[PDB]
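Next up: just one chain, as structure tokens, the form deposited in one PDB entry.
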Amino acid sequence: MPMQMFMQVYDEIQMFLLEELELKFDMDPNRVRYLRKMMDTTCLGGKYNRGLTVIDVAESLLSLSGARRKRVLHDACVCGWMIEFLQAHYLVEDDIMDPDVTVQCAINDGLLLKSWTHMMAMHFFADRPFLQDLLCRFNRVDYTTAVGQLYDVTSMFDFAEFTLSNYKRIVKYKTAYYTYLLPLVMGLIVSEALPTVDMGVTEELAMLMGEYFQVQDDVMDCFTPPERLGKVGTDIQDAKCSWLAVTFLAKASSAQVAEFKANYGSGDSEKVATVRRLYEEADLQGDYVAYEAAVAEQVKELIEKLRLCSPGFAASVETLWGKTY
């Protein structure tokens, strides 16, 4: 029953936001329905992985610590939709990168989605003692993601930054903080059990799980065909600082690097095929198995350190880890 409640609080959040526009913001029904359709389009359809993690962390900490239960579980669902709305905000900003009225509405949609995370928090948490701390940690993670997108975009402008340490810097800020650390931290806040956990182990686990997720995502972007991946792999044509690129450059010959540099970042189908040819011949999908196994072991062990002082919290972090593993 965590999903059926998550979808039920969505109707409660959407009803407040649209009524507030109708009553306080002088909005007409035509635009209200236009915003209802836009909100449903961008925020619904996904797996709600980030949003459901907030609920799982919250329900684990109240059971393993009367009216306080109903409030904490409700606050968790609101935090779950804050992240999901924030994810819809990031998705809309991606479509802009790739009198034009459809581009005006797209830019405006991204602003409203971002502001809607503030409006639902300022309303449902107005009398909560954590509203200020929630907005600060939320904005800091949002700022963190924007910095990570700067690292990722300029990863080939200023192959010097094609290193494993810089790759983990990109994964840390672009993905890890808002996908893995933010849902866990929000579950701790609404459960009022933030100081009871070791934030170092928690932060370290979030970096490893985002690292495990991004490497797996990079290999799928290259080797998985389009209809099986759900999209078209574009990392090679985009010259992205992928795990395959930084691992190839470390174990390639002097010419294989030259052939890589002469083919990486091109849109030609056969240059991209030449890059996949180089990836295949270096046995990178064998190092990928070993690299992921080492990460998964660091995850299994860092979960155990956290359960010494946070027994129930580790159960939720272990549940989230299974979704990526």
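Residues that one form lacks are left out of the comparison. The first residue of the sequence shown is number 1, and the count goes up from there. Rigid core (definition): largest C-alpha set, two forms, superposition within 1.5 Å.
One more form of this protein exists, namely the form deposited with a small molecule bound; it is left out here, but the text below deals with it.
Colleague: Just to confirm the contact call: exactly one of 247 to 255, 70 to 78, 123 to 131, 165 to 173 touches the small molecule in the deposited bound form at a 4.5 Å heavy atom cutoff, so which is it?
Modeller: Checking each option against the 4.5 Å cut-off leaves 165 to 173.
Colleague: Might residue 160 be said to contact the small molecule in the deposited bound form, defining contact as any heavy atom within 4.5 Å?
Modeller: So residue 160 does not count as contacting the small molecule.
Colleague: Can you tell me whether residue 241 touches the small molecule? I mean in the deposited bound form, with a 4.5 angstroms heavy atom cut-off.
Modeller: Output for residue 241 is yes: heavy atoms within 4.5 Å of the small molecule.
Colleague: Is there a heavy atom of residue 224 lying 4.5 Å or less from a heavy atom of the small molecule in the deposited bound form?
Modeller: The answer is yes: residue 224 has a heavy atom within 4.5 Å of the small molecule.
Colleague: Going by a heavy atom distance of 4.5 Å, is residue 197 a contact of the small molecule in the deposited bound form?
Modeller: Answer no; every heavy atom of residue 197 is more than 4.5 Å from the small molecule in the deposited bound form.
Colleague: Taking only shifts of 2 Å or more in Cα after a rigid core superposition between this form and the one not shown, tell me which of 135, 229, 112, 73 qualifies.
Modeller: Result of the superposition: 229 is the only one at 2 Å or more.
Colleague: Which residue stretches between this form and the one not shown come out as moving, taking only runs of at least three where every Cα shifts by 2 Å or more after core superposition?
Modeller: In sequence order, the runs that relocate between this form and the one not shown are 63 to 65, 228 to 230.
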